[PDB]
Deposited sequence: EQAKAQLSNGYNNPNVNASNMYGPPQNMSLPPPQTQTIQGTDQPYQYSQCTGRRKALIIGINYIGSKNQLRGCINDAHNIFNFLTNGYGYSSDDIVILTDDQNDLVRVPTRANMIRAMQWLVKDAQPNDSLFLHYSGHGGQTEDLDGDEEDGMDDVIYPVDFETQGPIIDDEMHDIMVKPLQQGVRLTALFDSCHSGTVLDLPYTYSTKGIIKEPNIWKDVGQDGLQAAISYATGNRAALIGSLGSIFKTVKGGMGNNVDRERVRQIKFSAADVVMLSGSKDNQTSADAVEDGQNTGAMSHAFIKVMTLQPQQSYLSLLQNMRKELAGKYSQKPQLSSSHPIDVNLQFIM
């Protein structure tokens, strides 16, 4: 009998969250044996999103569905989750406004914009679909041939390092080899903790990515949250894995800047 690993199946044929699921606690949390507080966001504040989809149109490794992944996430967030269009920057390489092209400079600037002046209980969302690689994990702006990639340490320095206690950053990567792209120290799978520090931000950073067309992670995330919006961190992972099974060769993982009580409700 294992309700962690073997959850019951509900009327929608999906894995059920815990019978009694709590919202993340408002109080400052601490880690035992050290002085490193953190705080879950209540997500009652400002909601902003940066969404990036790159197809590398015209190049030798043009991709087919990344721009579409970006549009899917834009639609999902604006229509479901209170992200206003004035509060979203979407960068894609098939449209006609240069300042919205995902060049390296525009991406870096947008990353700075996303987290600028972020207050406790704000909810920030980052989505990336394009080429990913490991050298460090890195991502590839449309002009990477001349400007190079953006590496994990820089993305951590721009988007994680400045965050105040209790600011949520939720990140969703559809790219390959992006599991450590924000240098986060905790990693969770459907089967439990798979990485944690052996001994830190006080913010609330969580990220979803896949490990071994269209974006598998955004596909799974959007379908699960559309059909059954009530999920814990763990049941969200389990249900995404269930949706991906057979069709996709990817399994979802959750990384975080702090320990997660995976039975808490996943909110945004």
query = If you line up the deposited sequence with the model, which stretches have no C-alpha coordinates?
reply = 1-7, 143-153, 218-268, 282-294
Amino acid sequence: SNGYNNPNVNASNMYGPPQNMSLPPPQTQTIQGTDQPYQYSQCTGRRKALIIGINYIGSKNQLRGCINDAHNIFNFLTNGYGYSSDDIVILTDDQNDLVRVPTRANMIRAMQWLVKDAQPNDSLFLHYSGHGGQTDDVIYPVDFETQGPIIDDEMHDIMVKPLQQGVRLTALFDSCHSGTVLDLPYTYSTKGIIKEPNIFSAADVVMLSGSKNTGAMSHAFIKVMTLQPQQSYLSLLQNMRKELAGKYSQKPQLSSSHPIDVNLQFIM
From here on, numbers count along this sequence of modelled residues.
task = Could you check the entry and say whether 29-37 or 64-72 has the higher mean CA B-factor?
result = 29-37
request  = Between 77-85 and 95-103, point out the one with the higher average CA B-factor as the PDB entry records it.
outcome  = 77-85
request  = Using the entry's values, work out which of 21, 9, 254, 260 has the largest Cα B factor.
outcome  = 9
query = Of the choices 199, 203, 50, 54, which one's C-alpha carries the largest B-factor in the record?
reply = 199
query = Against its chain's modelled residues, does residue 132's Cα B factor rank lowest, middle or highest third?
reply = middle
task = Among all modelled residues of this chain, ranked by Cα B factor, put residue 163 in the bottom, middle or top third, i.e. lowest, middle or highest.
result = middle
request  = Select lowest, middle or highest to describe the third in which the CA B-factor of residue 170 falls within its chain in this entry.
outcome  = lowest
task = Would you mind checking where the Cα B-factor of residue 212 ranks among the modelled residues of its chain, as the lowest, middle or highest third?
result = highest
remark   = Assert third(CA B-factor, residue 223) within chain per record equals lowest
